[PDB]
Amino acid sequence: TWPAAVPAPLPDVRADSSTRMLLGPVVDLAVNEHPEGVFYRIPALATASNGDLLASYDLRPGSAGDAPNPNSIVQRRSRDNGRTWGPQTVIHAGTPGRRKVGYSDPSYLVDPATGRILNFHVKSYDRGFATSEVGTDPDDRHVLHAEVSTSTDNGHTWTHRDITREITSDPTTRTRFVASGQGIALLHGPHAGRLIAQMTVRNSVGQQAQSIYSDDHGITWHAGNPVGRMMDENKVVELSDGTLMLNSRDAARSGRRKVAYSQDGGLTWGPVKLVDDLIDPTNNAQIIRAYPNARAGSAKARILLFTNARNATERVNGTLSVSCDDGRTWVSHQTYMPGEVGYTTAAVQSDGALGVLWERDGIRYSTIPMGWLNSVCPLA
């Protein structure tokens, strides 16, 4: 059995001797058809409180099918910042057959104040995102359910619970999923301590974005008010003053990301607008603070990193985008992976470099050392 996790600060980008952005070796975390008829999709990447690097994704049996294909959430771990990886472990295993259960679309949320790690994902029976019915009974086979897996030992062992009920206050909400990738712990302003992740829902209004949050460090979850229309997988990031930003996939396919702001820790959001500067093919993406610990008013606090497929129509060209100004503008886009990338994610590693994941015939990992950042967003 493993030691209990101890509180520790999230990592910040550190400087490197690199002068430009250069992908490191490509590591093949999981390869489709290894073993036969097994497919891998939907990446999540986090740095656990002990500095371990953790990669989560779906194992999909038979084909790469979404929920209700009876999937499993699996993980691999690096103790040396991406260099080498342990073998796969199961977070939660699905079961096949008439009474199939599926666990699918993972996101991490690391709490630095306690060392605990969360892995959100769906729990499916017979119904997917689109065909799920209204109802919150844990055994309802027509409901797409929300599960959270909790680890207190840096991601070695997990325990499971359905959070569907406590995050459904509008009874017409017929479906939900936490967006895969990573949520956040707030570190600044009046809501510091709050844990938060973004959902996509369908309700009587339309297909909306919706925050779920915890002020008791992950024992209970509550849903904020929903926002927007034609919303899809969206991610929340804490801006330099503790204002929150949501960055969203656009189910209407404008060719762009969508963005909204919250002044109350995700309880309420304002208007959803296009981000003209962020070309997206209607696809998942991740936005993260480069220096999460940095205080309001500093130059480090306003730096956001963003990965997506920078293309209007196709999920190709995994691109790191940089904002120096709390996401008001995007001054730099650089493709780190030409060709098919599918869903991409990124996270700051404990050595201060950036870790990335993308989908190409399974799940692939690489590292972007970060020394070159000062020349795009100066620190003084």
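Just count from 1 along the sequence shown to find any residue number.
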Which is higher on average in the deposited entry, the C-alpha temperature factors of 96-104 or of 177-185? 96-104
Regarding 353-361 and 17-25, which shows the higher C-alpha temperature factor on average in the entry? 17-25
Against its chain's modelled residues, does residue 287's Cα B factor rank lowest, middle or highest third? lowest
Relative C-alpha B-factor of residue 311, binned into the chain's lowest, middle or highest third: middle
Looking at the C-alpha B-factor of residue 77, is it in the lowest, middle or highest third of its chain? lowest
Within this chain's modelled residues, let me know which third the CA B factor of residue 276 belongs to: lowest, middle or highest. highest
Divide the modelled residues of the chain into thirds by Cα B-factor and specify which third, lowest, middle or highest, holds residue 305. lowest
